[PDB]
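What follows is one chain in structure tokens, specifically the form deposited in one PDB entry.
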């Protein structure tokens, strides 16, 4: 239950395609790097400050110690050659315009062993070596650019990309060192993010408060303005030589604001001590440093410090500007990455030079294979077969495999009548019934109930009435004016309080209908009512379907940044037929920002029981798609969760041991794939075609992983999903697993398109999202409360309410 299976073989299905990857081959010497531990006192210093300290230590003690070491920013120092220190732990006094730095030799890192690991010779890739290489490649840019995670950012020279509110777009790149079947690879991608302008605080005030000039406000500021500004600058760093974090903004103007020196004002203090007359004394001051102290600084003497990323949310306009700034088609992105790498000068990096490393300035050529899409089987009387072309198909002249006959339904319109009239509702009903009839989901008549309502308060009593009054009620269609807290309430009542099927529609989609919109809407409706939209062509499925098999999807969605308290949400879905089409859901609230699904065993047990209830089979196989786990958590996650699945099986039945395949689905990596041949590009975005598969050259040297871009690239540059097999009792071959995954990408019911991840994982996402909606504004006893919030009604348990 510990180590990931070796790659069984290489895929052979599908026609070849020439690709380029944003992986750049690295030359690594055979020598041994030497690793030393570093302890810096005081120990609370920022990583930047630590790097500065070590740099200064090397420059001040260059004599008879040390030539060019690299530092990870905390406790790790690597050197290409040994240091005249042996294993001795020495204490160095470093004074920087006060720091005690102890150096103890830890170990040796053999790059030769890494060469053994990249070949077949060594079973595993030694992580210490990878980390060493990463510290090497990260040393220089960490002190030249602004490090953000594994990326680096900078103010692009010659360009200004203002966002408003004292913010601008900084451009940069993700850089990571990764082992491959081929060589060591430098993964390089371009990115952009919001940073605070390094402008005077006065101009920051002007941009925040919308002043063209500071003279627009000659008064001391309204409380609204002072608060609006306080919320913007609080937490940011300003300077005068001296760095300060802004903890507050004084209420009183600099002329009036006082402090004890006996009391003295700020304006006066800057007159007497600094010979400074304040040109804007009517404006307030910034309280900096410790908030228990009384250090107040005028706005005029302060600048926003450069290199501070905007953590706060961007406004709608700032976001629009951001997207316009960073919108790149696939070829445009390929060229920007290439331009970046050619101008990067990695091989002239003195620290890269010290460790004898060479980096190839060209993208790696890779051969992909474009898998054939599955045929999609429909129902009705004509039993049409749809053939996905470039990851897309449609439902024109097609009927659902199993269409629900709708006899009893209602309409609840929370939109104002003056905006969404009865005529609109009637026309909408006619159109929807036409489309529904075409799709094989006949809405046989008019709704038995159609009334207007207002506010969330009216939801529960209206729904309670509906459930009491109309026997055999199948659906309530809820018309919403737009973004409103009524949606969350309709879902709370419907899914968790009364167990009623709802379908919400925006007012604008009722006022102006299109065949396509109504079609997709009919997809959702048919699914919610227990229907089967379509199935994979039975004879076109891989042989895994010859025995009972269940498909599980799992995801943990986490609370937004700058948060605590809000729980993480874990969602697991399971297939309930042989198609596979129908799914059931399980969802739990859990510890804040925990990736490991805590209650997995119980969830899986539920899903297995329900599977048996639906199919009268016990799965001989369990295929588990696990979204969002990064490499650094493979071991922990697999250890807990695999054992959880096994436990769920054992407790269900003595000696019930279905084979488990554990795949990690990853969409948030930095691997990009591009068409080498321009004539292979698809659409306006110029992306690789749906079905593109890569399991060579840039993948793992020993393990079972692959890239599958299962979706059509509509806009920007596609993200090919990465699949990493952490465990496989079923002994899948690459071909069968890749084809299975791809086919699963075609079973997603909310659209007639192949999606970017297999339907189970996507459904898991939808479930966690709905749970987020159930928990809106609700976040021992509190865990019980939150658990209750996400617990769906009994009549909702066997449904696809999350569609």
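Basically, rigid core = biggest C-alpha set you can superpose within 1.5 Å across the two forms. Numbering follows the first chain given and starts at 1.
As for the form deposited in another entry, it is not shown, yet the points below apply to it.
Among the residues 487, 393, 173, 270, the single one whose Cα moves by at least 2 Å between this form and the one not shown, once the core is superposed, is 270. Core-superposed comparison between this form and the one not shown: the Cα of residue 200 travels 2 Å or more.
Once both forms are overlaid on the rigid core, the distance between the two CA positions of residue 361 between this form and the one not shown is under 2 angstroms.
Core-superposed comparison between this form and the one not shown: the Cα of residue 378 travels less than 2 Å.
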